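So you know, we letter chains A, B, ... as the sequences are listed, proteins then strands, and number each from 1.
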Amino acid sequence: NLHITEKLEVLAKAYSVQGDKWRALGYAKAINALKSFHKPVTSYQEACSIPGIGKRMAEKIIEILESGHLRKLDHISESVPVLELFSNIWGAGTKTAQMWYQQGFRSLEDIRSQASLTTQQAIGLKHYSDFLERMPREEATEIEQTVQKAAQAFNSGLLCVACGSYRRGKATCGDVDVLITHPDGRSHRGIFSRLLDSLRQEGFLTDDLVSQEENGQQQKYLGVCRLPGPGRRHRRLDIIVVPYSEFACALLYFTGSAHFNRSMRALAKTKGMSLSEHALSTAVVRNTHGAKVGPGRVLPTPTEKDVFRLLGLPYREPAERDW
DNA sequence: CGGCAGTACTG
DNA sequence: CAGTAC
DNA sequence: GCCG
Ligand SMILES: O=c1ccn([C@H]2C[C@H](O)[C@@H](COP(=O)(O)NP(=O)(O)OP(=O)(O)O)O2)c(=O)[nH]1
Ligand SMILES: [Mg+2]
Ligand SMILES: [Mn+2]
Ligand code: NA
Ligand code: NA
Ligand code: NA
Ligand code: NA
């Protein structure tokens with residue numbers, strides 16, 4: 001819808017990789033706004049008006065129109081590309097990237113031979129290219145089906161659904177986010193051990209990034225899988241097992257988008273409520289720092305519509321939550 | 001002034 | 001806990 | 001970065 005965002009996106013990523021998360025959040029919102037406006041902004045007024053664009057941001061959008069080039073883009077630290085390169089390794093965030101840079105590292109060859117890697121980062125580096133590729137949704141289906149078949153094998157009751165970008169109807173998916181639960185509200189307990197060992201038996205899972213299997217309270221699995229046959233690449237696979245009672249909130253959460261959940265959760269807070277992947281709460285007590293000090297009551301939410309409804313919002317289809 | 005979402009692993 | 005990621 |  002607009003081409004002034006492609007210029008801001010560069011700045012947003014620069015602040016993000018440098019650790020200035022709040023400023024980056026400000027640019028991210030300004031960009032999600034613009035991309036949502038049909039009539040390309042033209043006047044300073046037409047800028048400030050939009051929510052997520054203030055003086056500072058409006059001034060920048062202008063330069064992109066009267067000059068066709070944002071000046072600041074020429075004053076971005078030469079460290080950014082390397083910081084981005086490093087933070088694109090799964091398991092390494094801004095802190096790790098900055099430390100490696102300070103240590104003199106400038107390439108993945110440097111990381112491979114000189115940096116000490118956590119177990120997750122070593123896996124992330126091994127699949128550096130794979131993890132940056134998005135798969136066609138058709139492949140995401142086969143993966144969701146492979147997990148669903150392995151799960152229903154020892155319990156046909158298990159309800160399995162692919163969420164995230166998949167459920168939002170995108171053509172390509174960065175990974176496959178599978179939600180698993182059960183209508184009886186109890187048979188979901190202690191299944192990770194079984195499901196994972198099953199997927200491991202047929203050679204589907206190749207690496208584990210996060211999987212607390214010694215804990216019978218395991219809620220999530222983040223790992224790597226690869227379908228059988230030639231021409232297959234390793235793909236990221238996320239799985240969460242939730243009790244039916246939290247099905248609507250888990251589904252809403254896992255479906256996203258991320259910026260969508262944040263906005264929805266921010267809204268609930270303004271209403272003295274609290275929204276999480278576990279439930280929607282009301283009468284929540286908090287302090288001046290927006291920090292929760294009181295639990296509050298869990299509200300009944302058997303469906304996603306219920307969540308929207310309780311928050312006083314019209315229901316949005318998954319594809320309409322792609323923020 | 002100061003929050004900006006709420007939560008689950010890892011070591 | 002800080003860091004990281006969903 | 002934005003906004004209450
Ligand atoms: O910061 C986050 C990240 C994810 N989420 C939720 C929403 C998101 O859609 C879901 C799965 O996260 P992914 O990282 O898998 N993203 P998504 O599936 O939307 O896109 P992609 O195709 O990149 O995987 O978890 C959050 O609430 N906060
Ligand atoms: Mg995803
Ligand atoms: Mn995911
Ligand atoms: Na505005
Ligand atoms: Na990253
Ligand atoms: Na990373
Ligand atoms: Na583990």
Side-chain angles (χ1 to χ4, degrees), chain A residues 8-9 11-12 14-16 18-34 47-49 51-54 56-60 72 86-99 116-124 131 163-165 174-179 192 208-215 217-223 236-242 246 249-250 252-270 273-281 284 287-292 295-296 311 323:
Chain A
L8 300 181
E9 182 53 60
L11 277 178
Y15 290 118
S16 185
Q18 293 178 105
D20 193 336
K21 64 178 178 173
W22 299 132
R23 186 180 305 293
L25 180 61
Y27 275 71
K29 290 185 176 185
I31 300 177
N32 293 315
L34 296 177
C48 296
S49 59
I53 308 177
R56 311 299 302 302
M57 198 61 72
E59 298 171 54
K60 306 178 187 303
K72 203 157 198 162
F86 292 169
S87 58
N88 275 343
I89 292 178
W90 203 101
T94 185
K95 294 298 183 174
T96 302
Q98 298 176 59
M99 176 187 81
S116 59
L117 301 170
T118 57
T119 299
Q120 300 176 332
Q121 292 158 358
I123 289 172
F131 292 178
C163 307
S165 60
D175 70 350
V176 183
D177 305 288
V178 181
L179 179 166
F192 264 121
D208 306 331
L209 296 166
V210 173
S211 195
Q212 194 177 65
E213 295 167 59
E214 49 281 79
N215 180 45
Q217 314 306 302
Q218 195 182 338
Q219 292 179 54
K220 76 172 72 175
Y221 170 83
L222 307 187
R236 277 273 295 105
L237 171 61
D238 293 344
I239 299 174
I240 62 174
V241 174
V242 304
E246 321 189 321
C249 288
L252 181 65
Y253 154 72
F254 226 22
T255 292
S257 72
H259 278 119
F260 177 69
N261 290 335
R262 297 177 74 162
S263 299
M264 182 148 283
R265 295 175 180 205
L267 174 63
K269 174 172 293 180
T270 68
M273 304 175 76
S274 181
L275 176 62
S276 83
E277 41 260 55
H278 289 297
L280 174 61
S281 302
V284 175
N287 56 50
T288 182
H289 314 303
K292 174 180 294 183
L311 290 174
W323 298 19

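The distance from atom CG of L179(A) to atom P of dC6(C) is 16 Å, rounded to the nearest whole Å. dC6(C) atom P lies 14 Å from atom NE2 of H259(A), rounded to whole Å. Going from atom CG of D208(A) over to atom P of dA5(C) covers 17 Å, rounded to whole Å. Computed from coordinates, the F86(A) CZ to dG3(C) P distance equals 18 Å when rounded to whole Å. Between the CD1 atom of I89(A) and the P atom of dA5(C) there is a distance of 10 Å, rounded to whole Å. Whole-Å rounding puts the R56(A) CZ to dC3(D) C1' distance at 14 Å. One interatomic measurement links the two molecules: NZ of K60(A) to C1' of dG1(D), which rounds to 8 Å at whole-angstrom precision. Straight-line distance from the CG atom of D238(A) to the P atom of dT4(C): 18 Å, rounded to whole Å.
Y15(A) and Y27(A) have tilted rings, their planes meeting at an angle from 30° to 60° on a 0 to 90° scale.
The nearest pair of heavy atoms linking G174(A) to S165(A) is N-OG, 4.3 Å. Scanning both residues, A33(A) and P51(A), for their nearest heavy atoms gives CB-O, 3.8 Å.
Sugar puckers are classed by the sign of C1'-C2'-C3'-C4'; that of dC1(B) comes out south, on the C2'-endo side.
Across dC6(C), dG3(C), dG1(D), the shortest atom-to-atom separation from the side chain of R23(A) is found for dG1(D).
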Where protein sits on nucleotides 4-11 of chain B, one letter per nucleotide: B base, S sugar-phosphate only, - none, heavy atoms under 4.0 Å: BBBSBSS-

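When atom types are taken as modelled, the side chain of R236(A) and the backbone of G223(A) share a donor-acceptor pair closer than 3.5 angstrom.
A268(A) comes within contact range of no nucleotide atom at all, as no heavy-atom separation falls under 4.0 Å. As judged by a 4.0 angstrom heavy-atom cut-off over every strand, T94(A) is placed among residues touching the sugar-phosphate backbone only.
With sequence neighbours excluded, the residues that form a side-chain contact (heavy atoms from CB on, under 4.5 Å) with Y253(A) are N261(A), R265(A), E277(A). With sequence neighbours left out, the side-chain contact (heavy atoms from CB on, under 4.5 Å) criterion links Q121(A) to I89(A), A92(A), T96(A), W100(A), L117(A), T118(A).
Shown are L179(A), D238(A), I240(A), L252(A); of these, the side-chain contact (heavy atoms from CB on, under 4.5 Å) with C163(A) is made only by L179(A).
Across the strands present, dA8(B) finds its partner in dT4(C); the criterion is a Watson-Crick or G-U wobble pair with both atom distances under 3.5 angstrom.
For the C1' atoms, the distance from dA5(B) to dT4(C) is 16 Å, rounded to whole Å.
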